[PDB]
Structure formats: structure tokens, C-alpha cells
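Source file: final-v7.tsv; contents: TSV, C-alpha atoms and all ligand atoms.
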chain	number	residue	atom	x	y	z
A	2	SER	CA	-30.69	-30.47	-13.67
A	3	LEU	CA	-28.20	-29.01	-16.14
A	4	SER	CA	-30.26	-25.87	-16.80
A	5	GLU	CA	-30.08	-24.95	-13.08
A	6	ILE	CA	-26.30	-24.53	-13.34
A	7	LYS	CA	-25.58	-20.83	-13.95
A	8	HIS	CA	-21.79	-20.99	-13.63
A	9	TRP	CA	-19.94	-22.77	-16.46
A	10	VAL	CA	-16.21	-23.42	-16.94
A	11	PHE	CA	-14.69	-24.70	-20.19
A	12	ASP	CA	-11.37	-26.24	-21.15
A	13	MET	CA	-10.03	-24.52	-24.27
A	14	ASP	CA	-8.12	-26.90	-26.57
A	15	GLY	CA	-10.21	-29.93	-27.47
A	16	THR	CA	-13.36	-28.38	-26.03
A	17	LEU	CA	-14.05	-24.90	-27.41
A	18	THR	CA	-11.44	-25.15	-30.19
A	19	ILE	CA	-9.78	-27.98	-32.06
A	20	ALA	CA	-6.58	-28.14	-34.09
A	21	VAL	CA	-6.98	-28.19	-37.87
A	22	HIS	CA	-4.52	-29.85	-40.21
A	23	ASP	CA	-3.22	-29.55	-43.75
A	24	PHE	CA	-5.57	-31.84	-45.73
A	25	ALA	CA	-3.70	-31.42	-49.00
A	26	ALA	CA	-0.36	-32.42	-47.43
A	27	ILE	CA	-1.99	-35.43	-45.77
A	28	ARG	CA	-3.59	-36.53	-49.03
A	29	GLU	CA	-0.29	-36.21	-50.87
A	30	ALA	CA	1.76	-38.00	-48.20
A	31	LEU	CA	-0.70	-40.86	-47.73
A	32	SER	CA	-1.62	-41.23	-51.42
A	33	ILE	CA	-5.33	-40.56	-50.93
A	34	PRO	CA	-7.42	-40.21	-54.09
A	35	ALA	CA	-9.29	-36.89	-54.46
A	36	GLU	CA	-12.61	-38.75	-54.65
A	37	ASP	CA	-12.05	-40.39	-51.24
A	38	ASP	CA	-12.38	-39.13	-47.67
A	39	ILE	CA	-8.99	-39.49	-45.91
A	40	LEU	CA	-10.19	-41.56	-42.92
A	41	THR	CA	-12.64	-43.68	-44.94
A	42	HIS	CA	-9.89	-44.44	-47.46
A	43	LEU	CA	-7.43	-45.40	-44.69
A	44	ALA	CA	-9.94	-47.70	-42.95
A	45	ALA	CA	-10.42	-49.58	-46.24
A	46	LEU	CA	-6.70	-50.21	-46.86
A	47	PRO	CA	-4.96	-53.48	-45.95
A	48	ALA	CA	-4.31	-53.54	-42.19
A	49	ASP	CA	-0.52	-53.10	-42.25
A	50	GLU	CA	-0.70	-50.19	-44.72
A	51	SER	CA	-3.50	-48.48	-42.78
A	52	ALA	CA	-1.53	-48.86	-39.54
A	53	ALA	CA	1.66	-47.40	-41.04
A	54	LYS	CA	-0.23	-44.44	-42.47
A	55	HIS	CA	-2.18	-43.73	-39.27
A	56	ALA	CA	1.09	-43.93	-37.33
A	57	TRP	CA	2.73	-41.41	-39.69
A	58	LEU	CA	-0.25	-39.08	-39.29
A	59	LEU	CA	-0.04	-39.12	-35.48
A	60	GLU	CA	3.75	-38.78	-35.61
A	61	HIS	CA	3.41	-35.60	-37.70
A	62	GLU	CA	0.42	-34.06	-35.99
A	63	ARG	CA	2.36	-30.88	-35.14
A	64	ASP	CA	4.06	-30.65	-38.55
A	65	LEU	CA	0.62	-30.83	-40.20
A	66	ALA	CA	-1.23	-28.46	-37.86
A	67	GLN	CA	-2.58	-25.15	-39.15
A	68	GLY	CA	-3.88	-23.38	-36.06
A	69	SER	CA	-7.29	-24.08	-34.57
A	70	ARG	CA	-10.98	-23.55	-35.31
A	71	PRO	CA	-14.02	-23.51	-33.06
A	72	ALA	CA	-15.25	-27.00	-32.19
A	73	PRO	CA	-18.70	-27.96	-33.56
A	74	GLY	CA	-21.43	-26.12	-31.69
A	75	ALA	CA	-18.98	-24.35	-29.36
A	76	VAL	CA	-19.67	-20.74	-30.44
A	77	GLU	CA	-23.42	-21.43	-30.43
A	78	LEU	CA	-23.36	-22.96	-26.94
A	79	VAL	CA	-21.30	-20.17	-25.37
A	80	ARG	CA	-23.50	-17.48	-26.97
A	81	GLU	CA	-26.61	-19.28	-25.68
A	82	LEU	CA	-25.24	-19.42	-22.12
A	83	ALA	CA	-24.02	-15.81	-22.26
A	84	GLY	CA	-27.45	-14.75	-23.52
A	85	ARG	CA	-28.94	-16.25	-20.37
A	86	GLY	CA	-26.74	-14.02	-18.20
A	87	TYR	CA	-24.73	-17.05	-17.01
A	88	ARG	CA	-21.23	-16.62	-15.63
A	89	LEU	CA	-18.60	-18.28	-17.83
A	90	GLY	CA	-14.95	-19.13	-17.22
A	91	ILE	CA	-12.00	-20.86	-18.89
A	92	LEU	CA	-9.42	-23.17	-17.31
A	93	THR	CA	-6.57	-23.94	-19.71
A	94	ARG	CA	-2.87	-24.87	-19.72
A	95	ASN	CA	-2.40	-22.18	-22.40
A	96	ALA	CA	-0.91	-18.84	-21.40
A	97	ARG	CA	-3.75	-16.45	-20.65
A	98	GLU	CA	-2.52	-14.18	-23.44
A	99	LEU	CA	-2.90	-16.95	-26.04
A	100	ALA	CA	-6.31	-17.91	-24.65
A	101	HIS	CA	-7.35	-14.28	-25.04
A	102	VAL	CA	-6.12	-14.12	-28.63
A	103	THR	CA	-7.98	-17.35	-29.41
A	104	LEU	CA	-11.22	-16.05	-27.85
A	105	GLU	CA	-10.95	-12.88	-29.97
A	106	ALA	CA	-10.30	-14.93	-33.11
A	107	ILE	CA	-13.43	-17.06	-32.64
A	108	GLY	CA	-15.65	-14.14	-31.60
A	109	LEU	CA	-16.27	-15.14	-27.98
A	110	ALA	CA	-14.03	-12.75	-26.03
A	111	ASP	CA	-17.04	-10.75	-24.84
A	112	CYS	CA	-18.66	-13.81	-23.22
A	113	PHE	CA	-15.98	-14.22	-20.52
A	114	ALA	CA	-14.72	-11.67	-17.98
A	115	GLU	CA	-10.98	-11.35	-18.53
A	116	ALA	CA	-10.35	-12.22	-14.88
A	117	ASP	CA	-12.26	-15.49	-15.33
A	118	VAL	CA	-10.06	-16.78	-18.15
A	119	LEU	CA	-7.48	-18.79	-16.20
A	120	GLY	CA	-4.26	-19.76	-17.94
A	121	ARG	CA	-0.83	-21.24	-17.21
A	122	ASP	CA	0.07	-18.51	-14.70
A	123	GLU	CA	-3.27	-18.23	-12.90
A	124	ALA	CA	-3.84	-21.84	-11.82
A	125	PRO	CA	-2.05	-25.15	-11.25
A	126	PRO	CA	-2.14	-27.80	-14.01
A	127	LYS	CA	-5.20	-30.01	-14.23
A	128	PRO	CA	-6.22	-32.23	-12.56
A	129	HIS	CA	-5.24	-30.05	-9.55
A	130	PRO	CA	-8.47	-28.30	-8.45
A	131	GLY	CA	-6.93	-24.88	-7.82
A	132	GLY	CA	-8.32	-23.20	-10.92
A	133	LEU	CA	-11.92	-24.28	-10.36
A	134	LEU	CA	-11.62	-23.28	-6.70
A	135	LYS	CA	-10.33	-19.87	-7.77
A	136	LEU	CA	-13.43	-19.31	-9.95
A	137	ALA	CA	-15.72	-20.70	-7.25
A	138	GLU	CA	-14.23	-18.15	-4.86
A	139	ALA	CA	-14.48	-15.23	-7.31
A	140	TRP	CA	-18.09	-16.16	-8.06
A	141	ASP	CA	-18.83	-17.04	-4.40
A	142	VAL	CA	-20.74	-20.11	-5.48
A	143	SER	CA	-20.88	-23.72	-4.30
A	144	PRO	CA	-18.82	-25.91	-6.63
A	145	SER	CA	-21.89	-28.21	-6.74
A	146	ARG	CA	-23.62	-25.43	-8.71
A	147	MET	CA	-20.85	-25.14	-11.28
A	148	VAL	CA	-19.98	-27.34	-14.21
A	149	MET	CA	-16.59	-28.10	-15.78
A	150	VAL	CA	-16.87	-28.93	-19.50
A	151	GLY	CA	-14.02	-30.82	-21.15
A	152	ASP	CA	-12.95	-33.56	-23.55
A	153	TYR	CA	-10.08	-35.21	-21.67
A	154	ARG	CA	-9.82	-37.19	-18.46
A	155	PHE	CA	-7.88	-34.53	-16.53
A	156	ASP	CA	-10.83	-32.14	-17.08
A	157	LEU	CA	-13.23	-34.56	-15.39
A	158	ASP	CA	-10.74	-35.40	-12.60
A	159	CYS	CA	-10.30	-31.67	-12.05
A	160	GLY	CA	-14.06	-31.11	-11.70
A	161	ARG	CA	-14.41	-34.11	-9.36
A	162	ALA	CA	-11.51	-32.90	-7.21
A	163	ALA	CA	-12.96	-29.37	-6.90
A	164	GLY	CA	-16.48	-30.70	-6.40
A	165	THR	CA	-18.08	-29.27	-9.57
A	166	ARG	CA	-20.42	-31.19	-11.85
A	167	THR	CA	-18.71	-32.43	-15.01
A	168	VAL	CA	-19.55	-32.66	-18.71
A	169	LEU	CA	-17.77	-34.64	-21.42
A	170	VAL	CA	-17.97	-33.34	-24.99
A	171	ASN	CA	-16.26	-34.27	-28.28
A	172	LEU	CA	-16.32	-38.03	-27.73
A	173	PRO	CA	-19.40	-39.94	-28.94
A	174	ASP	CA	-19.92	-42.19	-25.90
A	175	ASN	CA	-19.35	-42.35	-22.11
A	176	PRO	CA	-15.91	-43.78	-21.31
A	177	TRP	CA	-15.66	-42.43	-17.74
A	178	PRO	CA	-19.18	-42.85	-16.36
A	179	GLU	CA	-18.21	-42.33	-12.69
A	180	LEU	CA	-16.36	-39.07	-13.55
A	181	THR	CA	-19.00	-37.66	-15.86
A	182	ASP	CA	-22.35	-36.15	-14.89
A	183	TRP	CA	-23.49	-35.42	-18.44
A	184	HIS	CA	-22.03	-36.38	-21.80
A	185	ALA	CA	-22.68	-35.16	-25.34
A	186	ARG	CA	-21.08	-35.85	-28.70
A	187	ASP	CA	-20.27	-32.15	-29.01
A	188	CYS	CA	-21.24	-28.68	-27.78
A	189	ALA	CA	-24.21	-28.57	-30.18
A	190	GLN	CA	-25.72	-31.68	-28.61
A	191	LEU	CA	-24.90	-30.27	-25.16
A	192	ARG	CA	-26.92	-27.14	-26.03
A	193	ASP	CA	-29.81	-29.44	-27.04
A	194	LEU	CA	-29.51	-31.40	-23.81
A	195	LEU	CA	-29.55	-28.17	-21.83
A	196	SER	CA	-32.71	-27.04	-23.65
A	197	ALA	CA	-34.60	-30.26	-23.01
B	2	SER	CA	23.89	-47.69	-56.47
B	3	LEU	CA	22.94	-47.17	-52.83
B	4	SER	CA	25.90	-49.16	-51.48
B	5	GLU	CA	28.33	-46.74	-53.22
B	6	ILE	CA	27.11	-43.88	-51.01
B	7	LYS	CA	29.49	-43.61	-48.04
B	8	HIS	CA	28.08	-40.41	-46.55
B	9	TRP	CA	24.63	-40.68	-44.94
B	10	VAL	CA	22.47	-38.01	-43.27
B	11	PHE	CA	19.34	-38.79	-41.24
B	12	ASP	CA	16.41	-36.76	-39.99
B	13	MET	CA	15.79	-37.55	-36.31
B	14	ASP	CA	12.09	-37.46	-35.37
B	15	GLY	CA	10.04	-39.73	-37.62
B	16	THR	CA	13.16	-41.34	-39.09
B	17	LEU	CA	15.53	-42.65	-36.43
B	18	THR	CA	13.03	-42.27	-33.57
B	19	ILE	CA	9.26	-42.13	-33.29
B	20	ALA	CA	6.97	-40.81	-30.58
B	21	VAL	CA	5.30	-43.42	-28.38
B	22	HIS	CA	1.93	-42.91	-26.72
B	23	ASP	CA	0.01	-44.01	-23.66
B	24	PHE	CA	-1.86	-47.12	-24.89
B	25	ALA	CA	-3.79	-47.60	-21.65
B	26	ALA	CA	-5.09	-44.01	-21.68
B	27	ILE	CA	-6.09	-44.36	-25.34
B	28	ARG	CA	-7.90	-47.63	-24.68
B	29	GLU	CA	-9.77	-46.11	-21.75
B	30	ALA	CA	-10.70	-42.89	-23.56
B	31	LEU	CA	-11.83	-44.62	-26.76
B	32	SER	CA	-13.52	-47.59	-25.06
B	33	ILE	CA	-11.35	-50.24	-26.71
B	34	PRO	CA	-11.77	-53.81	-25.47
B	35	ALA	CA	-8.61	-55.46	-24.11
B	36	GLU	CA	-8.92	-58.25	-26.68
B	37	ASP	CA	-8.82	-55.77	-29.60
B	38	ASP	CA	-6.01	-53.85	-31.27
B	39	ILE	CA	-6.74	-50.09	-31.02
B	40	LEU	CA	-6.53	-49.28	-34.75
B	41	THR	CA	-8.24	-52.49	-35.90
B	42	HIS	CA	-11.07	-51.84	-33.45
B	43	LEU	CA	-11.46	-48.22	-34.64
B	44	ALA	CA	-11.52	-49.21	-38.33
B	45	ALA	CA	-14.39	-51.62	-37.58
B	46	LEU	CA	-16.59	-49.05	-35.81
B	47	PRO	CA	-19.42	-47.17	-37.56
B	48	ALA	CA	-17.93	-44.38	-39.69
B	49	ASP	CA	-19.05	-41.40	-37.59
B	50	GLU	CA	-17.83	-42.97	-34.34
B	51	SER	CA	-14.49	-44.00	-35.86
B	52	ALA	CA	-14.01	-40.48	-37.24
B	53	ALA	CA	-14.76	-38.81	-33.89
B	54	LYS	CA	-12.37	-41.13	-32.07
B	55	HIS	CA	-9.55	-40.73	-34.62
B	56	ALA	CA	-10.03	-36.96	-34.43
B	57	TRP	CA	-9.76	-37.04	-30.63
B	58	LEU	CA	-6.60	-39.12	-30.87
B	59	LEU	CA	-4.90	-36.65	-33.24
B	60	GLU	CA	-6.13	-33.71	-31.16
B	61	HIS	CA	-4.45	-35.18	-28.06
B	62	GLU	CA	-1.29	-36.50	-29.64
B	63	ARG	CA	0.91	-34.38	-27.34
B	64	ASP	CA	-1.16	-35.09	-24.22
B	65	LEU	CA	-0.79	-38.83	-24.90
B	66	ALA	CA	2.90	-38.84	-25.83
B	67	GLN	CA	5.45	-40.64	-23.64
B	68	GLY	CA	8.81	-39.77	-25.16
B	69	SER	CA	10.24	-41.59	-28.15
B	70	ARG	CA	11.71	-44.96	-29.10
B	71	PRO	CA	13.96	-46.02	-31.95
B	72	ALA	CA	12.05	-46.54	-35.20
B	73	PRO	CA	11.95	-50.13	-36.54
B	74	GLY	CA	15.33	-51.14	-37.91
B	75	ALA	CA	16.91	-47.74	-37.17
B	76	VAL	CA	19.53	-48.88	-34.64
B	77	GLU	CA	20.41	-51.88	-36.83
B	78	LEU	CA	20.82	-49.74	-39.96
B	79	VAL	CA	23.00	-47.10	-38.30
B	80	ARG	CA	25.22	-49.77	-36.69
B	81	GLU	CA	25.57	-51.50	-40.08
B	82	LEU	CA	26.62	-48.26	-41.79
B	83	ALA	CA	28.97	-47.30	-38.95
B	84	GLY	CA	30.51	-50.78	-39.11
B	85	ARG	CA	31.37	-50.08	-42.75
B	86	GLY	CA	33.34	-46.98	-41.75
B	87	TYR	CA	30.73	-44.72	-43.40
B	88	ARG	CA	30.40	-41.08	-42.36
B	89	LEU	CA	27.05	-40.36	-40.71
B	90	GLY	CA	25.28	-37.10	-39.90
B	91	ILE	CA	21.99	-35.79	-38.47
B	92	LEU	CA	19.94	-32.83	-39.66
B	93	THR	CA	17.11	-32.02	-37.24
B	94	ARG	CA	14.96	-29.10	-36.05
B	95	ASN	CA	15.66	-30.30	-32.49
B	96	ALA	CA	18.22	-28.44	-30.40
B	97	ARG	CA	21.56	-30.21	-30.78
B	98	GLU	CA	21.58	-30.88	-27.04
B	99	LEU	CA	18.29	-32.80	-27.22
B	100	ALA	CA	19.48	-34.69	-30.31
B	101	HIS	CA	22.57	-35.69	-28.35
B	102	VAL	CA	20.53	-36.88	-25.38
B	103	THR	CA	18.30	-38.89	-27.71
B	104	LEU	CA	21.29	-40.50	-29.45
B	105	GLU	CA	22.71	-41.51	-26.05
B	106	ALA	CA	19.35	-42.93	-24.97
B	107	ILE	CA	19.06	-45.18	-28.04
B	108	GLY	CA	22.72	-46.26	-28.00
B	109	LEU	CA	23.87	-44.58	-31.21
B	110	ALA	CA	25.85	-41.57	-29.95
B	111	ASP	CA	29.14	-43.22	-30.93
B	112	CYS	CA	28.08	-43.58	-34.58
B	113	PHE	CA	28.02	-39.82	-35.30
B	114	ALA	CA	30.77	-37.24	-34.78
B	115	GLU	CA	29.35	-34.58	-32.47
B	116	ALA	CA	30.15	-31.89	-35.04
B	117	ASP	CA	28.05	-33.74	-37.63
B	118	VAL	CA	24.86	-33.72	-35.56
B	119	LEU	CA	23.21	-30.53	-36.81
B	120	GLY	CA	20.39	-29.03	-34.76
B	121	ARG	CA	18.27	-25.89	-34.50
B	122	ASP	CA	21.29	-23.60	-34.03
B	123	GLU	CA	23.62	-25.17	-36.60
B	124	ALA	CA	21.48	-25.04	-39.74
B	125	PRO	CA	18.44	-23.33	-41.26
B	126	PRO	CA	15.05	-25.12	-41.14
B	127	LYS	CA	14.34	-27.73	-43.78
B	128	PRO	CA	13.76	-27.57	-46.68
B	129	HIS	CA	16.54	-24.93	-46.82
B	130	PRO	CA	19.67	-26.80	-47.99
B	131	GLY	CA	22.12	-25.13	-45.60
B	132	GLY	CA	22.51	-28.08	-43.25
B	133	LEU	CA	23.28	-30.63	-45.97
B	134	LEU	CA	25.69	-28.16	-47.57
B	135	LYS	CA	27.42	-27.71	-44.21
B	136	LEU	CA	28.00	-31.49	-43.94
B	137	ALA	CA	29.03	-31.71	-47.59
B	138	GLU	CA	31.63	-29.02	-46.88
B	139	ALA	CA	32.89	-30.65	-43.66
B	140	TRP	CA	33.16	-34.00	-45.45
B	141	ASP	CA	34.47	-32.39	-48.68
B	142	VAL	CA	32.24	-34.61	-50.75
B	143	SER	CA	29.98	-34.08	-53.75
B	144	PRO	CA	26.36	-33.89	-52.61
B	145	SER	CA	25.63	-36.45	-55.38
B	146	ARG	CA	27.57	-38.97	-53.26
B	147	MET	CA	25.54	-38.31	-50.12
B	148	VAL	CA	22.07	-39.43	-49.17
B	149	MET	CA	19.44	-37.70	-47.02
B	150	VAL	CA	17.13	-40.19	-45.27
B	151	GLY	CA	13.77	-38.95	-44.01
B	152	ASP	CA	10.04	-39.60	-43.63
B	153	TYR	CA	8.54	-36.22	-44.47
B	154	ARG	CA	8.38	-34.10	-47.60
B	155	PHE	CA	10.68	-31.34	-46.31
B	156	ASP	CA	13.43	-33.97	-45.90
B	157	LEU	CA	13.21	-34.91	-49.59
B	158	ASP	CA	12.93	-31.26	-50.70
B	159	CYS	CA	15.99	-30.50	-48.59
B	160	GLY	CA	18.02	-33.27	-50.26
B	161	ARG	CA	16.87	-32.18	-53.73
B	162	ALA	CA	17.75	-28.55	-53.01
B	163	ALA	CA	21.25	-29.46	-51.76
B	164	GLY	CA	21.77	-31.98	-54.55
B	165	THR	CA	22.01	-35.15	-52.41
B	166	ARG	CA	20.29	-38.43	-53.22
B	167	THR	CA	17.17	-39.00	-51.13
B	168	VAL	CA	15.55	-41.92	-49.30
B	169	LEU	CA	12.01	-42.17	-47.92
B	170	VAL	CA	11.44	-44.46	-44.94
B	171	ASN	CA	8.49	-45.11	-42.59
B	172	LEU	CA	5.79	-44.90	-45.24
B	173	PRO	CA	4.85	-48.12	-47.08
B	174	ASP	CA	4.70	-46.73	-50.63
B	175	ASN	CA	6.15	-43.99	-52.89
B	176	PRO	CA	4.09	-40.79	-52.64
B	177	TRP	CA	6.75	-38.41	-54.00
B	178	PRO	CA	8.40	-40.39	-56.80
B	179	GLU	CA	10.19	-37.38	-58.37
B	180	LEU	CA	11.68	-36.37	-54.98
B	181	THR	CA	12.70	-39.84	-53.89
B	182	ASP	CA	15.63	-41.89	-55.18
B	183	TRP	CA	14.97	-44.94	-53.01
B	184	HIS	CA	12.06	-45.82	-50.74
B	185	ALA	CA	11.61	-48.46	-48.04
B	186	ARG	CA	8.86	-49.23	-45.55
B	187	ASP	CA	11.36	-48.71	-42.74
B	188	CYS	CA	15.07	-48.68	-41.88
B	189	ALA	CA	15.14	-52.49	-41.68
B	190	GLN	CA	13.98	-52.80	-45.28
B	191	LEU	CA	16.42	-50.02	-46.25
B	192	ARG	CA	19.26	-52.11	-44.76
B	193	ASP	CA	18.05	-55.06	-46.86
B	194	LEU	CA	17.91	-52.91	-49.98
B	195	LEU	CA	21.43	-51.67	-49.31
B	196	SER	CA	22.66	-55.27	-48.96
B	197	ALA	CA	21.11	-56.45	-52.21
A	201	MG	MG	-8.25	-30.58	-23.59
A	202	MG	MG	10.62	-35.83	-39.57

Let me see whether you can do it: turn the structure in this file into C-alpha cells.
Ligand SMILES: [Mg+2]
Ligand SMILES: [Mg+2]
Amino acid sequence: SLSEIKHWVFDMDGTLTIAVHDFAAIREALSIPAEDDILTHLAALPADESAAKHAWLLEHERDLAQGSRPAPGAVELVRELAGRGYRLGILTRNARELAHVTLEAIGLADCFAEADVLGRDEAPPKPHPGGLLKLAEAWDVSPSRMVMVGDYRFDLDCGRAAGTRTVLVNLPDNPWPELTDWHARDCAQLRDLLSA
Amino acid sequence: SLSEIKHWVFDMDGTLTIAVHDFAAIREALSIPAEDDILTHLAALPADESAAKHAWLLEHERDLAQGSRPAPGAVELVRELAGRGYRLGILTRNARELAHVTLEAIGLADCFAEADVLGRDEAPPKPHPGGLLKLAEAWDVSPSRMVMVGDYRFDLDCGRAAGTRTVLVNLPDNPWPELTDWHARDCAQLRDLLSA
């Protein structure tokens, strides 16, 4: 079961943190009334208008970005696992130094050994298994007793290639059933799953 | 009128070109049926599910990107203006070298003098007016007889700061009426407007 896994690895972006965007600039650009939610308002527009506005939003994702925040339930999950004495790692395309800064910013830096935060320079790009194998070696543990937690297909492919169990979070359903051992809408539901 | 303007400046990203994304990966990740359009399907989902899936899409905009393509009507507009003997420029945050490559790829490199394609190293970031003032100087023309064409607020602010007329394209309405002299849903409608 999930609770028997005592070695956990997380993707960073999209899993533990998510990008936040400039709501006021979006509302202004897309002519959203103050009384309306942005997405709800867009879904209710005529199809062609909704499509043009959604396209503009995606096109300007980086222009509109304002750093990142912890994903729902992420801090709570990591603290729960750390409280158990579990061993926790990170596998990210980010430079280790940025990953470190991010961990400090969200108050989780003390839950991961610095050597177990693997960035751009410490491991090949997902879905290559190198990074998970590096942690498996450092921890001297069977990959079958580790879990890779992510929100994107290359996270699941990476776990499957290395032989770890896999978890999908931050999508509401199960789009890759063969690649995914457990799925949860977010880290808060994952914590609940773990508990049960 | 618009047709009296013989000096035109364009933003690049979002105006002449737009990012394209991996439709098959999106469909797989978001569980979209083959018979459905991605956006139409998402708008029809329960609110919470639609929101989670739209959030994931925005979060992975760069992961899903597959270069860029010309924006609707952009090639046709630029060729029409060049055919008139009009003077055309680019003001972009992109490195000039990338802008050049992009122009070559979309078959428009011959419509702009190389010196009039202004990139990262040739002009300060929008909305600073430096870049438009640089073109105005090179062309020896009143900014009031130039137009800046863009799809984002900093393009309009840049034109207003330099004193050029401004055009909004690639949004379907008029969100910044005081900043915008003419607006069109895209470059094809702008060409039509120009003609009329
Ligand atoms: Mg990710
Ligand atoms: Mg732009």
C-alpha cells in the first residue's frame, strides 16, 4: 500500500508549486466584470470570443506570470511525510539553486536533504530514469519501494523507467491509467489517501 | 485615416506569430474525446473539473509548446503593406537574431530592412518608447504618422509614450479604448479595415 512507501520523490513545478498570474491584468485584457470569475465568465461567452480570449491567455502565460506559490495541500503533505521520518527527494529540470530558493520560500527546505534535491546539473532530463536511480542508490532502496509524484506525463514515464511506483496529482481524473499507480486531485487528497 | 500611415511597426510574438502547442498531448492529458474540440469540451465540463484542466494547461504552456506559426492574416497584411512601398519595422523583446530566423521561417524577411528589426539589444523593453523613437529617427518621420501594432498592453503603452498611433490585434474587442486608435480581431481584419 501507499503508506508502506517510506521514500518519496516529487517533481517541483506543477507538483509542489504552481505558477501564479496577474489576475488584474487578465481581467482588464479580457474585459471580465469584477463580479465574475475569469474562467466562468470565459466559458459563458460565445464560442469564438471564448476561444480567442483563451488563446491570448495561453499565448501570454509568461508575460502574466508572477512567480509561484505552493500547490494546494503540498506543504501539508510534505510536512506529514517528514513528520513520519520518511526520506524525501526532488527531481526537477530547475537548477538546484533555484529549487533551493523555492523550497526556502515555501517553508519546506528542512524536509529534504540538500543532496537529495536533484536539479538540472545532477540528473538527466525526465523521462530518463537517471535521477530516480541516483536517489535509489543514495538511499540504497529498491525502486519498487519508492514513489515518484508528479503532474505531467514525463514524471510518470520517469518513474516507470526507473521502476518506482508513481502518483499523479493536480489533475482531477486518471488519464494515464497504465502509468499511474495512485492518482489524486491534489496533494491534500493524496495525504487523505495515504491516511486511509 | 489608417491608409495614410506609411510607416508601420509590429510586435513579433502574439502579433505576427503565435505559439503553437501539442494538441495530441493536451488531448491525452485532459481526456478529450477525438470527436470533441479541446476548448469546447472543457467549457462543457463541470466547473471544478474545467478549472483544474484549464489551470494545468496554463501551467504547462511551455512544456506543450512546439514553436510558433504566423498569426491569422499576418503574412497577408505584411505583404500588402510591403507591396504598397510602405516602411515596416519590428520592435520585440526577442534577440534580433531570433527575430530574423523567425521572419525567414514565415517568409517575410524581405519585407523589413534588417536595421529596422529591433530586438533585445537594439532598444529598451516596452513600454519604454526608445525603440519606436529609434525607428522614427531612422525614418525621419513624425511619430504621429507611424503606427505600432500589437496584442498586449505594453505595445499600446509604448506607442502612446512615443507618440505613434496604435492598433490592437488578436483580441476580439476593445479593452483599452483610450490606448487604442484602431482595433481588429486579427491582421486579416486589419487589412480589411485598411482597405475600406
Ligand atoms: Mg511538472
Ligand atoms: Mg506580444

Hey, which residues come within 6 Å of ligand MG 202 (chain A) if we count only C-alpha atoms and all ligand atoms? Could you give them as a PyMOL selection string? chain B and resi 12+14-15+152-153

Select all residues from chain A having any atom no more than 6 Å from an atom of chain B (counting all atoms listed in the file, ignoring ligands), output as a tab-separated table (two decimals) with C-alpha atoms, in the frame of the given file.
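Produced file iface20.tsv, reproduced below:
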chain	number	residue	atom	x	y	z
A	30	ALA	CA	1.76	-38.00	-48.20
A	32	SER	CA	-1.62	-41.23	-51.42
A	44	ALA	CA	-9.94	-47.70	-42.95
A	59	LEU	CA	-0.04	-39.12	-35.48
A	176	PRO	CA	-15.91	-43.78	-21.31

Of the listed residues A:181, A:103, A:190, A:145, that which approaches residue 18 (chain A) most closely, counting only C-alpha atoms: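 For residue 18 (chain A), the nearest of the candidates is A:103.
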
Given the choices B:65, B:83, B:183, B:70, which gets closest to ligand MG 201 (chain A) if the distance is worked out from all atoms listed in the file?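 Of B:65, B:83, B:183, B:70, the one nearest ligand MG 201 (chain A) is B:65, counting all atoms listed in the file.
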
Residue nearest residue 10 (chain A) - candidates A:74, A:84, A:90, A:130, atoms counted: all atoms listed in the file: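 Closest residue, counting all atoms listed in the file: A:90.
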
Report, as lines of an AutoDock Vina configuration file, the centre and edge lengths in Å (one decimal) of the axis-aligned box enclosing every listed atom of region 123-129 of chain B, padded by 6 Å on each side.
center_x = 18.7
center_y = -25.5
center_z = -41.7
size_x = 21.9
size_y = 16.4
size_z = 22.2

Report, in Å to a single decimal, how far apart CA of residue 138 (chain A) and CA of residue 8 (chain A) are. 11.9 Å

The residues within 7 Å of (21.7, -36.3, -54.5), using only C-alpha atoms and the coordinates of the file, should be reported as a PyMOL selection string; which are they? chain B and resi 144-148+160-161+164-167

Leaving out residue 92 (chain A) and any residue of its chain fewer than 6 positions from it, which residues lie within 8 Å of it when counting all atoms listed in the file, given as a PyMOL selection string? chain A and resi 10-13+118-120+124+132-133

Please measure the separation of CA of residue 192 (chain B) and CA of residue 178 (chain B), giving the value in Å to one decimal. 20.0 Å

Would you mind listing what lies within 10 Å of residue 112 (chain A) as a PyMOL selection string, with only C-alpha atoms counted and same-chain residues fewer than 2 positions away left out? chain A and resi 79-84+86-90+104+108-110+114-115

Have a look at CA of residue 101 (chain B) and CA of residue 117 (chain B) and let me know their distance in Å, one decimal.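 A separation of 11.0 Å between them.
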
Nearest to residue 136 (chain B) among B:9, B:76, B:69, B:25, with distances taken over only C-alpha atoms: which residue is it?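 Looking only at the distances to residue 136 (chain B), the closest residue turns out to be B:9.
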
Under the rule that all atoms listed in the file are counted, which of A:151, A:125, A:71, A:131 is the nearest residue to ligand MG 201 (chain A)?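 When distances to ligand MG 201 (chain A) are compared using all atoms listed in the file, the smallest one comes from A:151.
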
Nearest to ligand MG 201 (chain A): which of A:196, A:67, A:95, A:16 is it, counting only C-alpha atoms and all ligand atoms?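 Result for the nearest residue to ligand MG 201 (chain A): A:16.
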
Can you rebuild region 4-12 of chain A with N, CA, C and O atoms and give it as a compact mmCIF listing (two decimals), in the coordinates of the input?
# COMPACT_ATOMS: atom_id res chain seq x y z
N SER A 4 -29.82 -27.25 -16.61
CA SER A 4 -30.26 -25.87 -16.80
C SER A 4 -30.26 -25.03 -15.51
O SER A 4 -30.32 -23.80 -15.58
N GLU A 5 -30.18 -25.67 -14.35
CA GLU A 5 -30.08 -24.95 -13.08
C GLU A 5 -28.66 -24.46 -12.77
O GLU A 5 -28.45 -23.65 -11.87
N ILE A 6 -27.68 -24.96 -13.52
CA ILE A 6 -26.30 -24.53 -13.34
C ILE A 6 -26.10 -23.20 -14.07
O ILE A 6 -26.29 -23.12 -15.27
N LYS A 7 -25.71 -22.15 -13.35
CA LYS A 7 -25.58 -20.83 -13.95
C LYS A 7 -24.12 -20.37 -13.97
O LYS A 7 -23.82 -19.22 -14.28
N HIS A 8 -23.22 -21.28 -13.61
CA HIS A 8 -21.79 -20.99 -13.63
C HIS A 8 -21.08 -22.11 -14.40
O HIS A 8 -21.04 -23.25 -13.94
N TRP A 9 -20.53 -21.77 -15.56
CA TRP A 9 -19.94 -22.77 -16.46
C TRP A 9 -18.46 -22.50 -16.69
O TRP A 9 -18.07 -21.36 -16.93
N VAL A 10 -17.64 -23.55 -16.64
CA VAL A 10 -16.21 -23.42 -16.94
C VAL A 10 -15.87 -24.37 -18.09
O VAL A 10 -16.37 -25.50 -18.13
N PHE A 11 -15.05 -23.91 -19.02
CA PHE A 11 -14.69 -24.70 -20.19
C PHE A 11 -13.18 -24.87 -20.27
O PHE A 11 -12.44 -23.93 -20.02
N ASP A 12 -12.73 -26.07 -20.64
CA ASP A 12 -11.37 -26.24 -21.15
C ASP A 12 -11.34 -25.51 -22.49
O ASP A 12 -12.38 -25.23 -23.09
